[PDB]
């Protein structure tokens, strides 16, 4: 039995995780949902508790703690350990009855819970790409200390890449470890992109495109922030850096390719030039499930891929003139140091300004470029706690710098 905790159980990753766990458990009892953790959605956590009956419930916000306790009394034959805040999260991470932790929380609490999952030598199914981009050095250092911890990628392209690898090789290394690509005989990565809603726009059309245009065309339904990143292709820019850190692939060996059908989820070229790819309908249940079953697979009742019906798969190179965020991401990654931290932080601000109709499409990349140009490389801290503080300081500086650039031009 696979003992799982879900952090951010009411968000998109968390709900998809529970959906595929539910369906797989109908076929064979494979998963024990041991713990659920949410910020403040007490009623939604209660409904999940009633169905899954986890040993642990944790809610971050103290103001709904007593309500959760009273709601849980209604459930028959059920006496969970009901916990609160960062201390509850740490208790869940340290439990000997939990093997795998799904991190479906964004922002700092995602990184913080990832840190504690790694410190307790757990398998960590990580969906939060911003944490890998911003704090990749820190995660690498931490995984080198806590040698039985493993990050398994959930981001769909990185799951695809991971699924293209021979586990006879993967098991002799792990993600975020130096020489991962060499041990797995990886030569090059094709990183697939939907292209986003603006993929066919002219430069003149891009100049005054708005957030409404990005949001009101959802071919895949997803959150506002990632939708804007998909529109600018900064999502793929971040994913390039995510690929570099997860798999130790050189930036010159990562190619972004626009695959509008979203069937092939990414491809790995090996040193012999044979290419392996992973394919399915766009459905986050497969990447999430693989993160929890790896190195095995289990039966699902998902719709089988009908390739004949799909009929055509297409690929083209993205235009860097139309999607300058892609170039900025490569430049930041190649520069190294804390430039990825700065890229991510400045994008956080610029994305949100565009989302709220404060700046235009090309202002996004302008702001990010200016913050990157402003940044000065720092000596990388040797101590993990100092390094974390350094990352947070630079993240905060870069957000403030982006906001300051906006305030001056406004």
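So that the term is clear: the rigid core is the largest set of C-alpha atoms that superpose within 1.5 Å between two forms. Residue numbers count along the first chain shown, from 1.
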| property | result |
| --- | --- |
| More shifted region, core-based fit in 8 other deposited structures of this protein, 267-275 vs 196-204 by CA | 196-204 |
| Which of 159-167 and 81-89 lies farther from this form in 8 other deposited structures of this protein, as RMS of C-alpha positions after a rigid core fit | 81-89 |
| Higher-B stretch (mean Cα B-factor, as the entry records it), 183-191 or 224-232 | 224-232 |
| Given 382-390 and 16-24, the range whose Cα B-factors average higher in the PDB entry | 382-390 |
| Options 359, 349, 49, 372 - largest CA temperature factor per the record | 49 |
| Selection from 285, 173, 266, 109 [criterion: highest C-alpha temperature factor in the record] | 109 |
| Residue 198 - Cα temperature factor, lowest/middle/highest third of chain | middle |
| Residue 208 CA temperature factor, ranked by third within the chain | highest |
| Chain-wide C-alpha B factor ranking for residue 159, given as lowest, middle or highest third | lowest |
| Residue 240, C-alpha B-factor rank within chain (lowest, middle or highest third) | lowest |
| Chain-wide C-alpha B factor ranking for residue 141, given as lowest, middle or highest third | middle |
